[PDB]
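Chains as they are written, first to last, in the deposited numbering: chain y, 6 to 54; chain c, 6 to 187; chain M, 2 to 117; chain s, 8 to 86.
Remarks on the structure that follows.
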Amino acid sequence: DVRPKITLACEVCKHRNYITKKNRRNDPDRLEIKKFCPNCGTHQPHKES
Amino acid sequence: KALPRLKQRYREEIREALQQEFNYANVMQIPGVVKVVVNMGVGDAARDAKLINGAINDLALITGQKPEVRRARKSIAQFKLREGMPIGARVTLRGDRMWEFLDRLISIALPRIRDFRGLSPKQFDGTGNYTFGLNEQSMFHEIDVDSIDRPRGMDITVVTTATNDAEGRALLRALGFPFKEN
Amino acid sequence: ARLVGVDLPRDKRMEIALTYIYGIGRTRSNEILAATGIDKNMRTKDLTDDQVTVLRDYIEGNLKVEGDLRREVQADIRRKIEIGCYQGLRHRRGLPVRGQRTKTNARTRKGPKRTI
Amino acid sequence: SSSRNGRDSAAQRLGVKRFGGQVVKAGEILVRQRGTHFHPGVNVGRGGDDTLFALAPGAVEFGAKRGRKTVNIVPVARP
RNA sequence: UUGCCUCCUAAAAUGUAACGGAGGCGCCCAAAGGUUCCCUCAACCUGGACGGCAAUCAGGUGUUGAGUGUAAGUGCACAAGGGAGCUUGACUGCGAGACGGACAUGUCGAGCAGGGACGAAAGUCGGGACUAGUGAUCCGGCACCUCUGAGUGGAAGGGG
Ligand SMILES: [Mg+2]
Ligand SMILES: [Mg+2]
Ligand SMILES: [Mg+2]
Ligand SMILES: [Mg+2]
Ligand SMILES: [Mg+2]
Ligand SMILES: [Mg+2]
Ligand SMILES: [Mg+2]
Ligand SMILES: [Mg+2]
Ligand SMILES: [Mg+2]
Ligand SMILES: [Mg+2]
Ligand SMILES: [Mg+2]
Ligand SMILES: [Mg+2]
Ligand SMILES: [Mg+2]
Ligand SMILES: [Mg+2]
Ligand SMILES: [Mg+2]
Ligand SMILES: [Mg+2]
Ligand SMILES: [Mg+2]
Ligand SMILES: [Mg+2]
Ligand SMILES: [Zn+2]
Numbered sequence: 006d007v008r009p010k011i012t013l014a015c016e017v018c019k020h021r022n023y024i025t026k027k028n029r030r031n032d033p034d035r036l037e038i039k040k041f042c043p044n045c046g047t048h049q050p051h052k053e054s
Numbered sequence: 006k007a008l009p010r011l012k013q014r015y016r017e018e019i020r021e022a023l024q025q026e027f028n029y030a031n032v033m034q035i036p037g038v039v040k041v042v043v044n045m046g047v048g049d050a051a052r053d054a055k056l057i058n059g060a061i062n063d064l065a066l067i068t069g070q071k072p073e074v075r076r077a078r079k080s081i082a083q084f085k086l087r088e089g090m091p092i093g094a095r096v097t098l099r100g101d102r103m104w105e106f107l108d109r110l111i112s113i114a115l116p117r118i119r120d121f122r123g124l125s126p127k128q129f130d131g132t133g134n135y136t137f138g139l140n141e142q143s144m145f146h147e148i149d150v151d152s153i154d155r156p157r158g159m160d161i162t163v164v165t166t167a168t169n170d171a172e173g174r175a176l177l178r179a180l181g182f183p184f185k186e187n
Numbered sequence: 002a003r004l005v006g007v008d009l010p011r012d013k014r015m016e017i018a019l020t021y022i023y024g025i026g027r028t029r030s031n032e033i034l035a036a037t038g039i040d041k042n043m044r045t046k047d048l049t050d051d052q053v054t055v056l057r058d059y060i061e062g063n064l065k066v067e068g069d070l071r072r073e074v075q076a077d078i079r080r081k082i083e084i085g086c087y088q089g090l091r092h093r094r095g096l097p098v099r100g101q102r103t104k105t106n107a108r109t110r111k112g113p114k115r116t117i
Numbered sequence: 008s009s010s011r012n013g014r015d016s017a018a019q020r021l022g023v024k025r026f027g028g029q030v031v032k033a034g035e036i037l038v039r040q041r042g043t044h045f046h047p048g049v050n051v052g053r054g055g056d057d058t059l060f061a062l063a064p065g066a067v068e069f070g071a072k073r074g075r076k077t078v079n080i081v082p083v084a085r086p
């Protein structure tokens, strides 16, 4: 598909909140960015599911 | 507490001679060397960029400062070259390093050239700038003989403050390159 | 060992180790070893640096080796091919210069064989 | 024989919307445009899609400033 | 031929048909986003080993003729073009006032709080210079919840 949809989930609470798109061929590895998690209340790293 | 011999010569006698023999209005109309540029384009980088490493090594050995790597600003299909690849390396000499390189050149490299018949006085471009090329690099004594694998030439250019061609020709003759007589 | 950018063989008699140098061959090696008095049968395991260095000194003082040799060879080739000499034209055509029997032999100069 | 044309888009209703001498409220839209045919001035901001909107109440006044077409808002005196 | 985007016909507000005249779209980018800092091309002329009408270097002329991922138009030399350091605001809770329309759709937005990025500071940041890259209702799946639970306590099921 070239452009699969992916879901980002927090680490401690483990809740799926954000959804984006990425190119697997260009980025075989998983994504690792920092986003705002409402329930946690602080910016924490989010790892692609 | 040190000063290069060529710089001493220029600031002691060359400037006075030029001023006397051209009759300038003020003190600082006498031309002076600004910078020296050394570069070379290989053209084979499109197939093998390994030779670029040897080119950089040779340039560092001859000069003593890390040179550049230059890309291409256009893509030519007939020359089978596209954007982004490296093509050649350059380096600029100023001040004490420039004087030392010029002195070493005139003292060693030029006399050591095989079949050296002089330099054409027609190499100027009108405004007082000299440029010429070389075919073989091992003439320089700083690069050892057996460590080189392939022959690579280079082009070196000198720029002065001379207003016209005659001023620069006189200044560089006073410096004393082996000019040809015509 | 190593000399003038030439990797001396791990274990070879000096009479051929010096031969491996492009500027020195069999009889030149024989004469050089006779002059230096060095035995021509010993192995590389007993080689020592000082004798090698003095040998390098003698050979560089008395002869021209490797890149210089190449350079005058191609200088000769280019001058002969530019002056229009018979050897120059033969080099242009990639054929023997002495004028041997090109009829069947000279495959060494003509390179591989291609059929028509 | 036939034709391969005959397809078109919709109409975006572009163009100036509030003319000089009028009175506008805060956050009003003054001009809709593709490029920066006009430019923001005083008390006027440039939107995401190159649209112009007012920041404070007043009266519109078209004007130019050093090779530009600009829109300005004057602070009409309070009665 | 059947939907969406750009131009002309379209008679200098908006709008305006035809089997009229021309073209694209059913993508792409983890940087081609955010912020801070710096620079300006194409072309022509003159000199240089291969090197030539064009490869890399030096000097001179050069105010938009180069360039803007993708078709057109509107713009951009103050840059929205080119080069570099850091980083994910390609957020959460909200929204005064408007833009046009038969209806359902679409679009812009100053400003407050939480917790961030950039910069010494003033300040910008709710994806991409702008306009296309998409699909209502019903039915069902997945994660979570201080909702409900057919006598009571659970569970099944139903709910946001
Ligand atoms: Mg990458
Ligand atoms: Mg000059
Ligand atoms: Mg239209
Ligand atoms: Mg934007
Ligand atoms: Mg946008
Ligand atoms: Mg109109
Ligand atoms: Mg009608
Ligand atoms: Mg079509
Ligand atoms: Mg960037
Ligand atoms: Mg220039
Ligand atoms: Mg830029
Ligand atoms: Mg409303
Ligand atoms: Mg805040
Ligand atoms: Mg805001
Ligand atoms: Mg941008
Ligand atoms: Mg139905
Ligand atoms: Mg019950
Ligand atoms: Mg349940
Ligand atoms: Zn969380």
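Don't be surprised by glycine CBs; every beta carbon is placed ideally from N, CA and C.
Same chain, Cβ closer than 8 Å to residue i, neighbours up to 5 away in sequence not counted
i	result
c/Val32	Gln24
c/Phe182	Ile111, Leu115, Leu124
c/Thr68	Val43, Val96, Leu98, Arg102, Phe106
c/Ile148	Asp63, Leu66, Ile67, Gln142
is_contact[residue i, chain c] using C-beta, thresh 8 Å
i	result
M/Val5	yes
M/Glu83	no
M/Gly112	no
M/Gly24	no
M/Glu67	yes
For residue j and residue i, the rounded distance between their alpha carbons
i	j	result
M/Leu64	c/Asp49	35 Å
residue 1 of chain M	M/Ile82	Only positions 2 to 117 of chain M appear in this structure, which leaves residue 1 of chain M out of reach.
c/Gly89	c/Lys79	9 Å
s/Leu62	s/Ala18	28 Å
s/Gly27	s/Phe60	14 Å
s/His46	s/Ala84	25 Å
y/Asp6	y/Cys42	29 Å
y/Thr12	y/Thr25	7 Å
s/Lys76	s/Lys32	22 Å
c/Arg155	c/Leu139	15 Å
c/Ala77	y/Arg35	35 Å
s/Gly42	c/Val39	47 Å
c/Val47	M/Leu90	30 Å
y/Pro33	y/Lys27	10 Å
y/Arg21	y/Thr47	16 Å
s/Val51	s/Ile80	7 Å
s/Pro86	s/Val67	18 Å
c/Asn187	c/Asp53	44 Å
Any chain M beta carbon closer than 8 Å to residue i
i	result
c/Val163	no
c/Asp151	yes
Close Cβ partners of residue i (< 6 Å) along its chain, the five nearest in sequence each way excluded
i	result
M/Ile25	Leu19
s/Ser16	none
M/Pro97	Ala107, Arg110
M/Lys46	none
s/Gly70	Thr77, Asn79
Residue i, buried or exposed, once every other Cβ within 10 Å from all chains shown has been counted against 16
i	result
M/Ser30	buried
c/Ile35	buried
c/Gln142	buried
M/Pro10	exposed
c/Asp63	buried
c/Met159	buried
c/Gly93	buried
y/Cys15	buried
M/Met43	exposed
c/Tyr135	buried
Close Cβ partners of residue i (< 7 Å) along its chain, the five nearest in sequence each way excluded
i	result
M/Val7	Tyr21, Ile22
M/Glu16	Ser30, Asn31, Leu34, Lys41
c/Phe184	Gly123, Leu124, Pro126, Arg178
c/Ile113	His146
M/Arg27	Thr20
Just list the alpha helix (DSSP H) runs in the segment 30-79 of chain M, keeping only unbroken ones of 4 residues or longer that don't cross its boundaries, in chain order. 50-63
Ignoring anything shorter than 4 residues or poking outside the segment 72-137 of chain c, list the alpha helix (DSSP H) runs there in chain order. 100-109
Completely contained alpha helix (DSSP H) runs for the segment 11-41 of chain y, where each covers 4 or more residues: none
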